[PDB]
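Reproduced below: upload-v4.tsv, with TSV, N, CA and C atoms.
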```
chain	number	residue	atom	x	y	z
A	2	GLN	N	12.23	21.21	-10.65
A	2	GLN	CA	11.94	19.76	-10.72
A	2	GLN	C	11.20	19.27	-9.47
A	3	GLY	N	10.05	19.87	-9.19
A	3	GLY	CA	9.26	19.46	-8.04
A	3	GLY	C	7.79	19.47	-8.41
A	4	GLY	N	6.92	19.28	-7.42
A	4	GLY	CA	5.51	19.31	-7.71
A	4	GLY	C	4.75	18.43	-6.77
A	5	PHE	N	3.48	18.36	-7.05
A	5	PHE	CA	2.60	17.51	-6.24
A	5	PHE	C	2.58	16.07	-6.81
A	6	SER	N	2.82	15.10	-5.92
A	6	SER	CA	2.70	13.66	-6.26
A	6	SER	C	1.47	13.19	-5.46
A	7	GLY	N	0.34	13.00	-6.13
A	7	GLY	CA	-0.88	12.62	-5.44
A	7	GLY	C	-2.00	12.48	-6.43
A	8	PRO	N	-3.21	12.23	-5.97
A	8	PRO	CA	-4.38	12.05	-6.84
A	8	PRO	C	-4.92	13.30	-7.49
A	9	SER	N	-5.52	13.12	-8.67
A	9	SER	CA	-6.11	14.22	-9.42
A	9	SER	C	-7.61	13.97	-9.57
A	23	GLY	N	-4.74	6.94	-12.71
A	23	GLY	CA	-5.24	5.79	-13.52
A	23	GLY	C	-4.25	4.65	-13.62
A	24	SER	N	-2.96	4.95	-13.50
A	24	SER	CA	-1.97	3.89	-13.58
A	24	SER	C	-1.85	3.09	-12.28
A	25	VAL	N	-1.83	1.79	-12.47
A	25	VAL	CA	-1.59	0.83	-11.38
A	25	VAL	C	-0.16	0.37	-11.55
A	26	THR	N	0.67	0.50	-10.54
A	26	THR	CA	2.07	0.15	-10.57
A	26	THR	C	2.29	-1.21	-9.94
A	27	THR	N	3.28	-1.95	-10.41
A	27	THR	CA	3.53	-3.26	-9.81
A	27	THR	C	4.28	-3.09	-8.49
A	28	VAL	N	4.04	-4.05	-7.59
A	28	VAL	CA	4.76	-4.02	-6.29
A	28	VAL	C	6.28	-3.98	-6.46
A	29	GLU	N	6.79	-4.81	-7.37
A	29	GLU	CA	8.22	-4.85	-7.58
A	29	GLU	C	8.79	-3.53	-8.04
A	30	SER	N	8.11	-2.83	-8.96
A	30	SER	CA	8.64	-1.57	-9.37
A	30	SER	C	8.44	-0.45	-8.33
A	31	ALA	N	7.37	-0.55	-7.51
A	31	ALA	CA	7.14	0.45	-6.49
A	31	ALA	C	8.30	0.47	-5.50
A	32	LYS	N	8.92	-0.66	-5.29
A	32	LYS	CA	10.05	-0.69	-4.37
A	32	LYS	C	11.20	0.15	-4.84
A	33	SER	N	11.24	0.41	-6.13
A	33	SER	CA	12.35	1.18	-6.71
A	33	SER	C	12.09	2.65	-6.78
A	34	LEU	N	10.91	3.07	-6.36
A	34	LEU	CA	10.59	4.47	-6.55
A	34	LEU	C	11.19	5.30	-5.43
A	35	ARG	N	11.26	6.58	-5.67
A	35	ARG	CA	11.77	7.49	-4.67
A	35	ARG	C	10.84	7.61	-3.47
A	36	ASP	N	11.43	7.93	-2.33
A	36	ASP	CA	10.64	8.17	-1.16
A	36	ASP	C	9.65	9.31	-1.48
A	37	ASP	N	8.45	9.21	-0.90
A	37	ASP	CA	7.42	10.22	-1.10
A	37	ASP	C	6.88	10.33	-2.52
A	38	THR	N	6.49	9.19	-3.05
A	38	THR	CA	5.90	9.07	-4.36
A	38	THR	C	4.51	8.44	-4.20
A	39	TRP	N	3.49	9.04	-4.81
A	39	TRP	CA	2.13	8.52	-4.79
A	39	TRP	C	1.99	7.35	-5.75
A	40	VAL	N	1.43	6.25	-5.28
A	40	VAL	CA	1.23	5.04	-6.11
A	40	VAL	C	-0.14	4.42	-5.87
A	41	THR	N	-0.60	3.63	-6.81
A	41	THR	CA	-1.78	2.83	-6.74
A	41	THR	C	-1.30	1.42	-7.07
A	42	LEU	N	-1.65	0.44	-6.25
A	42	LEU	CA	-1.31	-0.97	-6.44
A	42	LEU	C	-2.55	-1.83	-6.35
A	43	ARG	N	-2.52	-3.00	-6.96
A	43	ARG	CA	-3.62	-3.91	-6.86
A	43	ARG	C	-3.10	-5.28	-6.50
A	44	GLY	N	-3.74	-5.95	-5.55
A	44	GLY	CA	-3.25	-7.24	-5.14
A	44	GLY	C	-4.03	-7.71	-3.95
A	45	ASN	N	-3.35	-8.45	-3.11
A	45	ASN	CA	-3.99	-9.04	-1.95
A	45	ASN	C	-3.23	-8.78	-0.67
A	46	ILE	N	-3.99	-8.53	0.40
A	46	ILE	CA	-3.39	-8.39	1.74
A	46	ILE	C	-3.35	-9.85	2.26
A	47	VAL	N	-2.16	-10.38	2.48
A	47	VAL	CA	-2.01	-11.79	2.86
A	47	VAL	C	-1.62	-12.09	4.29
A	48	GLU	N	-1.21	-11.09	5.08
A	48	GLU	CA	-0.83	-11.33	6.48
A	48	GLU	C	-0.75	-10.02	7.20
A	49	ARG	N	-1.10	-10.05	8.49
A	49	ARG	CA	-0.93	-8.88	9.32
A	49	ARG	C	0.37	-9.14	10.10
A	50	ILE	N	1.33	-8.23	10.01
A	50	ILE	CA	2.61	-8.45	10.70
A	50	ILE	C	2.73	-7.82	12.08
A	51	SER	N	1.96	-6.78	12.35
A	51	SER	CA	2.00	-6.13	13.65
A	51	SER	C	0.93	-5.05	13.61
A	52	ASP	N	0.94	-4.13	14.58
A	52	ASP	CA	-0.06	-3.07	14.57
A	52	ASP	C	0.02	-2.20	13.31
A	53	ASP	N	-1.06	-2.25	12.59
A	53	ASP	CA	-1.17	-1.51	11.36
A	53	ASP	C	-0.21	-1.91	10.22
A	54	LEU	N	0.68	-2.90	10.39
A	54	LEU	CA	1.59	-3.29	9.28
A	54	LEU	C	1.17	-4.65	8.70
A	55	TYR	N	0.97	-4.66	7.39
A	55	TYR	CA	0.49	-5.81	6.64
A	55	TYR	C	1.35	-6.16	5.48
A	56	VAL	N	1.26	-7.40	5.02
A	56	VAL	CA	2.00	-7.79	3.81
A	56	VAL	C	1.03	-7.77	2.61
A	57	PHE	N	1.42	-7.04	1.57
A	57	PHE	CA	0.62	-6.91	0.35
A	57	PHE	C	1.38	-7.64	-0.77
A	58	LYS	N	0.65	-8.46	-1.52
A	58	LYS	CA	1.26	-9.25	-2.60
A	58	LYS	C	0.52	-9.07	-3.92
A	59	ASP	N	1.31	-8.95	-4.96
A	59	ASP	CA	0.75	-8.95	-6.35
A	59	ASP	C	1.62	-9.96	-7.09
A	60	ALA	N	1.32	-10.16	-8.38
A	60	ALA	CA	2.12	-11.13	-9.11
A	60	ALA	C	3.63	-10.88	-9.19
A	61	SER	N	4.08	-9.65	-8.98
A	61	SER	CA	5.47	-9.31	-9.06
A	61	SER	C	6.28	-9.37	-7.76
A	62	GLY	N	5.61	-9.40	-6.61
A	62	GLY	CA	6.36	-9.38	-5.36
A	62	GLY	C	5.49	-8.97	-4.20
A	63	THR	N	6.13	-8.82	-3.05
A	63	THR	CA	5.38	-8.40	-1.83
A	63	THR	C	6.03	-7.17	-1.23
A	64	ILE	N	5.24	-6.40	-0.48
A	64	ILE	CA	5.74	-5.20	0.13
A	64	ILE	C	4.91	-4.99	1.38
A	65	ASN	N	5.52	-4.35	2.37
A	65	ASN	CA	4.76	-4.09	3.60
A	65	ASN	C	3.96	-2.80	3.42
A	66	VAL	N	2.75	-2.77	3.96
A	66	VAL	CA	1.88	-1.61	3.85
A	66	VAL	C	1.34	-1.23	5.24
A	67	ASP	N	1.28	0.06	5.49
A	67	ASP	CA	0.75	0.57	6.78
A	67	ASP	C	-0.67	1.04	6.55
A	68	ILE	N	-1.62	0.38	7.22
A	68	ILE	CA	-3.06	0.68	7.08
A	68	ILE	C	-3.63	0.99	8.48
A	69	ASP	N	-3.89	2.25	8.71
A	69	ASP	CA	-4.48	2.69	10.01
A	69	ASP	C	-5.87	2.11	10.10
A	70	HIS	N	-6.30	1.90	11.34
A	70	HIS	CA	-7.61	1.37	11.61
A	70	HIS	C	-8.73	2.17	10.83
A	71	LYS	N	-8.60	3.50	10.70
A	71	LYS	CA	-9.62	4.26	10.03
A	71	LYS	C	-9.75	4.05	8.54
A	72	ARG	N	-8.80	3.34	7.92
A	72	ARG	CA	-8.93	3.16	6.46
A	72	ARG	C	-9.93	2.08	6.05
A	73	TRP	N	-10.29	1.19	6.97
A	73	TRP	CA	-11.16	0.10	6.57
A	73	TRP	C	-12.58	0.53	6.20
A	74	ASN	N	-13.12	1.51	6.91
A	74	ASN	CA	-14.46	1.99	6.61
A	74	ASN	C	-15.57	0.95	6.47
A	75	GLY	N	-15.64	0.00	7.39
A	75	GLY	CA	-16.70	-1.01	7.34
A	75	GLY	C	-16.47	-2.19	6.40
A	76	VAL	N	-15.41	-2.10	5.59
A	76	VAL	CA	-15.05	-3.14	4.64
A	76	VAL	C	-14.19	-4.22	5.29
A	77	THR	N	-14.57	-5.47	5.05
A	77	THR	CA	-13.79	-6.59	5.59
A	77	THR	C	-13.04	-7.16	4.41
A	78	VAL	N	-11.75	-7.32	4.61
A	78	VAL	CA	-10.88	-7.85	3.58
A	78	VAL	C	-10.22	-9.15	4.07
A	79	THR	N	-10.18	-10.17	3.21
A	79	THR	CA	-9.46	-11.41	3.53
A	79	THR	C	-8.42	-11.57	2.40
A	80	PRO	N	-7.51	-12.54	2.52
A	80	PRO	CA	-6.49	-12.76	1.49
A	80	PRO	C	-7.03	-13.09	0.13
A	81	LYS	N	-8.25	-13.60	0.06
A	81	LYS	CA	-8.75	-13.91	-1.30
A	81	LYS	C	-9.28	-12.69	-2.06
A	82	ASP	N	-9.55	-11.58	-1.37
A	82	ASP	CA	-10.07	-10.39	-1.98
A	82	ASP	C	-9.03	-9.60	-2.73
A	83	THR	N	-9.33	-9.26	-3.96
A	83	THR	CA	-8.42	-8.37	-4.66
A	83	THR	C	-8.77	-7.00	-4.16
A	84	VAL	N	-7.74	-6.24	-3.82
A	84	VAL	CA	-7.95	-4.86	-3.35
A	84	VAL	C	-7.08	-3.87	-4.08
A	85	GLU	N	-7.56	-2.65	-4.15
A	85	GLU	CA	-6.78	-1.60	-4.72
A	85	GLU	C	-6.34	-0.68	-3.54
A	86	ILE	N	-5.06	-0.35	-3.43
A	86	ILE	CA	-4.58	0.57	-2.41
A	86	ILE	C	-3.93	1.76	-3.07
A	87	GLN	N	-4.08	2.92	-2.45
A	87	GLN	CA	-3.46	4.15	-2.90
A	87	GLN	C	-2.76	4.75	-1.70
A	88	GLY	N	-1.57	5.28	-1.90
A	88	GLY	CA	-0.82	5.90	-0.81
A	88	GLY	C	0.55	6.28	-1.28
A	89	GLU	N	1.41	6.55	-0.33
A	89	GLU	CA	2.79	6.99	-0.66
A	89	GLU	C	3.83	5.99	-0.38
A	90	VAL	N	4.79	5.89	-1.30
A	90	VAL	CA	5.96	5.04	-1.07
A	90	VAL	C	6.74	5.76	0.05
A	91	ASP	N	7.05	5.04	1.14
A	91	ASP	CA	7.81	5.57	2.29
A	91	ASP	C	9.07	4.74	2.28
A	92	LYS	N	10.17	5.36	1.88
A	92	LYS	CA	11.42	4.62	1.73
A	92	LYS	C	12.46	5.27	2.55
A	93	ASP	N	13.10	4.44	3.36
A	93	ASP	CA	14.19	4.86	4.25
A	93	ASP	C	15.40	4.00	3.96
A	94	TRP	N	16.50	4.23	4.68
A	94	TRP	CA	17.69	3.42	4.46
A	94	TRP	C	17.47	1.93	4.69
A	95	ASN	N	16.53	1.59	5.57
A	95	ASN	CA	16.32	0.22	5.88
A	95	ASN	C	14.98	-0.34	5.50
A	96	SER	N	14.17	0.42	4.80
A	96	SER	CA	12.87	-0.20	4.55
A	96	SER	C	12.11	0.51	3.45
A	97	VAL	N	11.13	-0.19	2.88
A	97	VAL	CA	10.25	0.49	1.94
A	97	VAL	C	8.88	-0.02	2.35
A	98	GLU	N	7.89	0.86	2.36
A	98	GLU	CA	6.55	0.43	2.74
A	98	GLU	C	5.64	1.41	1.99
A	99	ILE	N	4.38	1.07	1.92
A	99	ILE	CA	3.39	2.00	1.38
A	99	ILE	C	2.54	2.53	2.55
A	100	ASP	N	2.41	3.85	2.66
A	100	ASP	CA	1.52	4.42	3.74
A	100	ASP	C	0.19	4.55	3.04
A	101	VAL	N	-0.76	3.70	3.41
A	101	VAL	CA	-2.02	3.65	2.69
A	101	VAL	C	-3.04	4.71	3.05
A	102	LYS	N	-3.52	5.44	2.04
A	102	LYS	CA	-4.59	6.44	2.30
A	102	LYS	C	-5.96	5.87	2.03
A	103	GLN	N	-6.06	4.86	1.17
A	103	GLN	CA	-7.32	4.31	0.77
A	103	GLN	C	-7.19	2.86	0.34
A	104	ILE	N	-8.12	2.04	0.76
A	104	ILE	CA	-8.16	0.66	0.36
A	104	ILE	C	-9.59	0.37	-0.05
A	105	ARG	N	-9.75	-0.23	-1.22
A	105	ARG	CA	-11.07	-0.66	-1.68
A	105	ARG	C	-11.03	-2.04	-2.34
A	106	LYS	N	-12.10	-2.83	-2.18
A	106	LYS	CA	-12.13	-4.13	-2.81
A	106	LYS	C	-12.44	-3.98	-4.32
A	107	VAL	N	-11.89	-4.86	-5.11
A	107	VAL	CA	-12.20	-4.82	-6.53
A	107	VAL	C	-12.23	-6.23	-7.12
```
Go through the file and emit its structure as structure tokens.
Amino acid sequence: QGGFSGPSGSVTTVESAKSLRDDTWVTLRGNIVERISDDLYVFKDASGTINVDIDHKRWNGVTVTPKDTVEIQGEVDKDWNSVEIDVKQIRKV
């Protein structure tokens, strides 16, 4: 009961992503609405909000504001005290 969780079409809701197991690959769509600290941002979709970690290298020349719909792909990082998405890719849509 193991395998690769990663890219090879489904967009998951923020609220349900919070329920997934640690180390699960997800794609979400929504808006980045606030920067909370170094590399930590708040991502919101119609179902809820979740914190996302976006390293400086993920932007790739793209400027994103809260009005931009963006698609993010990365891993659910869940610990005893937190759930966040470690973002591998962000693109505007």
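Distances here use only N, CA and C atoms; by that measure, the residue among A:73, A:9, A:44, A:54 closest to residue 85 in chain A is A:44.
Here the question is which of A:46, A:66, A:99, A:56 gets nearest to residue 83 in chain A using only C-alpha atoms, and that residue is A:46.
Of note, CA of residue 29 in chain A and CA of residue 78 in chain A are spaced 22.3 Å apart.
For the pair atom N of residue 31 in chain A and atom N of residue 91 in chain A, the interatomic distance is 10.3 Å.
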Report as a PyMOL selection string: the residues of range 4-99 of chain A with a DSSP assignment of helix (DSSP H, G or I), based on the backbone of this structure. chain A and resi 28-31+70-72
Could those residues be written to a file, using N, CA and C atoms, as a PDB file, in the frame of the given file?
```
ATOM      1  N   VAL A  28       4.040  -4.050  -7.590  1.00  0.00           N
ATOM      2  CA  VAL A  28       4.760  -4.020  -6.290  1.00  0.00           C
ATOM      3  C   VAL A  28       6.280  -3.980  -6.460  1.00  0.00           C
ATOM      4  N   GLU A  29       6.790  -4.810  -7.370  1.00  0.00           N
ATOM      5  CA  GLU A  29       8.220  -4.850  -7.580  1.00  0.00           C
ATOM      6  C   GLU A  29       8.790  -3.530  -8.040  1.00  0.00           C
ATOM      7  N   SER A  30       8.110  -2.830  -8.960  1.00  0.00           N
ATOM      8  CA  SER A  30       8.640  -1.570  -9.370  1.00  0.00           C
ATOM      9  C   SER A  30       8.440  -0.450  -8.330  1.00  0.00           C
ATOM     10  N   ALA A  31       7.370  -0.550  -7.510  1.00  0.00           N
ATOM     11  CA  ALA A  31       7.140   0.450  -6.490  1.00  0.00           C
ATOM     12  C   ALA A  31       8.300   0.470  -5.500  1.00  0.00           C
ATOM     13  N   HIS A  70      -6.300   1.900  11.340  1.00  0.00           N
ATOM     14  CA  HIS A  70      -7.610   1.370  11.610  1.00  0.00           C
ATOM     15  C   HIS A  70      -8.730   2.170  10.830  1.00  0.00           C
ATOM     16  N   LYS A  71      -8.600   3.500  10.700  1.00  0.00           N
ATOM     17  CA  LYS A  71      -9.620   4.260  10.030  1.00  0.00           C
ATOM     18  C   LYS A  71      -9.750   4.050   8.540  1.00  0.00           C
ATOM     19  N   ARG A  72      -8.800   3.340   7.920  1.00  0.00           N
ATOM     20  CA  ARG A  72      -8.930   3.160   6.460  1.00  0.00           C
ATOM     21  C   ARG A  72      -9.930   2.080   6.050  1.00  0.00           C
TER      22      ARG A  72
END
```
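Minimum atom-to-atom distances from A:96, A:2, A:51, A:63 to residue 30 in chain A were compared using only C-alpha atoms, and the lowest value belongs to A:63.
Among A:38, A:6, A:79, A:33, the residue with the shortest atom-to-atom distance to residue 64 in chain A, counting only C-alpha atoms, is A:33.
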Mind checking which residues fall within 6.5 Å of residue 40 in chain A, counting all atoms listed in the file, ignoring those fewer than 6 positions away in the same chain, and posting them as an NGL selection string? :A and (26 or 86-90)
Where does DSSP see strand (DSSP E) in chain A, if you list the residues as a PyMOL selection string? chain A and resi 38-51+54-59+62-67+84-93+96-106
Among the residues A:76, A:101, A:107, A:28, the one that comes closest to residue 58 in chain A [using all atoms listed in the file]: A:28
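With only N, CA and C atoms as the atoms that count, the minimum distance from residue 103 in chain A to the choices A:7, A:68, A:59, A:53 is reached by A:68.
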If you measure from atom N of residue 92 in chain A to atom N of residue 74 in chain A, what distance in Å do you get, rounded to one decimal? 24.1 Å
Pull the neighbourhood of (8.8, -0.2, -1.2) for me: all residues within 5 Å in file coordinates, counting only N, CA and C atoms, as a PyMOL selection string. chain A and resi 31-32+97-98
Kindly reconstruct range 48-60 of chain A with N, CA, C and O atoms and present the result as a PDB file, in the frame of the given file.
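Done, and the output landed in part38.pdb:
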```
ATOM      1  N   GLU A  48      -1.210 -11.090   5.080  1.00  0.00           N
ATOM      2  CA  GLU A  48      -0.830 -11.330   6.480  1.00  0.00           C
ATOM      3  C   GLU A  48      -0.750 -10.020   7.200  1.00  0.00           C
ATOM      4  O   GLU A  48      -0.428  -8.952   6.619  1.00  0.00           O
ATOM      5  N   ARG A  49      -1.100 -10.050   8.490  1.00  0.00           N
ATOM      6  CA  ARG A  49      -0.930  -8.880   9.320  1.00  0.00           C
ATOM      7  C   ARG A  49       0.370  -9.140  10.100  1.00  0.00           C
ATOM      8  O   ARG A  49       0.525 -10.203  10.729  1.00  0.00           O
ATOM      9  N   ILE A  50       1.330  -8.230  10.010  1.00  0.00           N
ATOM     10  CA  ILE A  50       2.610  -8.450  10.700  1.00  0.00           C
ATOM     11  C   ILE A  50       2.730  -7.820  12.080  1.00  0.00           C
ATOM     12  O   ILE A  50       3.518  -8.288  12.897  1.00  0.00           O
ATOM     13  N   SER A  51       1.960  -6.780  12.350  1.00  0.00           N
ATOM     14  CA  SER A  51       2.000  -6.130  13.650  1.00  0.00           C
ATOM     15  C   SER A  51       0.930  -5.050  13.610  1.00  0.00           C
ATOM     16  O   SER A  51       0.065  -5.077  12.710  1.00  0.00           O
ATOM     17  N   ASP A  52       0.940  -4.130  14.580  1.00  0.00           N
ATOM     18  CA  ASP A  52      -0.060  -3.070  14.570  1.00  0.00           C
ATOM     19  C   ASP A  52       0.020  -2.200  13.310  1.00  0.00           C
ATOM     20  O   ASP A  52       0.997  -1.500  13.029  1.00  0.00           O
ATOM     21  N   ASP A  53      -1.060  -2.250  12.590  1.00  0.00           N
ATOM     22  CA  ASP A  53      -1.170  -1.510  11.360  1.00  0.00           C
ATOM     23  C   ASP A  53      -0.210  -1.910  10.220  1.00  0.00           C
ATOM     24  O   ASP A  53      -0.326  -1.351   9.164  1.00  0.00           O
ATOM     25  N   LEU A  54       0.680  -2.900  10.390  1.00  0.00           N
ATOM     26  CA  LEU A  54       1.590  -3.290   9.280  1.00  0.00           C
ATOM     27  C   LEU A  54       1.170  -4.650   8.700  1.00  0.00           C
ATOM     28  O   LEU A  54       1.003  -5.646   9.388  1.00  0.00           O
ATOM     29  N   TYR A  55       0.970  -4.660   7.390  1.00  0.00           N
ATOM     30  CA  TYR A  55       0.490  -5.810   6.640  1.00  0.00           C
ATOM     31  C   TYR A  55       1.350  -6.160   5.480  1.00  0.00           C
ATOM     32  O   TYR A  55       2.081  -5.302   5.011  1.00  0.00           O
ATOM     33  N   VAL A  56       1.260  -7.400   5.020  1.00  0.00           N
ATOM     34  CA  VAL A  56       2.000  -7.790   3.810  1.00  0.00           C
ATOM     35  C   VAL A  56       1.030  -7.770   2.610  1.00  0.00           C
ATOM     36  O   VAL A  56      -0.045  -8.371   2.655  1.00  0.00           O
ATOM     37  N   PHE A  57       1.420  -7.040   1.570  1.00  0.00           N
ATOM     38  CA  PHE A  57       0.620  -6.910   0.350  1.00  0.00           C
ATOM     39  C   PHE A  57       1.380  -7.640  -0.770  1.00  0.00           C
ATOM     40  O   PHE A  57       2.550  -7.427  -0.964  1.00  0.00           O
ATOM     41  N   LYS A  58       0.650  -8.460  -1.520  1.00  0.00           N
ATOM     42  CA  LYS A  58       1.260  -9.250  -2.600  1.00  0.00           C
ATOM     43  C   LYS A  58       0.520  -9.070  -3.920  1.00  0.00           C
ATOM     44  O   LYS A  58      -0.677  -9.008  -3.977  1.00  0.00           O
ATOM     45  N   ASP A  59       1.310  -8.950  -4.960  1.00  0.00           N
ATOM     46  CA  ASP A  59       0.750  -8.950  -6.350  1.00  0.00           C
ATOM     47  C   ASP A  59       1.620  -9.960  -7.090  1.00  0.00           C
ATOM     48  O   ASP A  59       2.510 -10.609  -6.538  1.00  0.00           O
ATOM     49  N   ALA A  60       1.320 -10.160  -8.380  1.00  0.00           N
ATOM     50  CA  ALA A  60       2.120 -11.130  -9.110  1.00  0.00           C
ATOM     51  C   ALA A  60       3.630 -10.880  -9.190  1.00  0.00           C
ATOM     52  O   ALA A  60       4.398 -11.803  -9.488  1.00  0.00           O
TER      53      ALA A  60
END
```
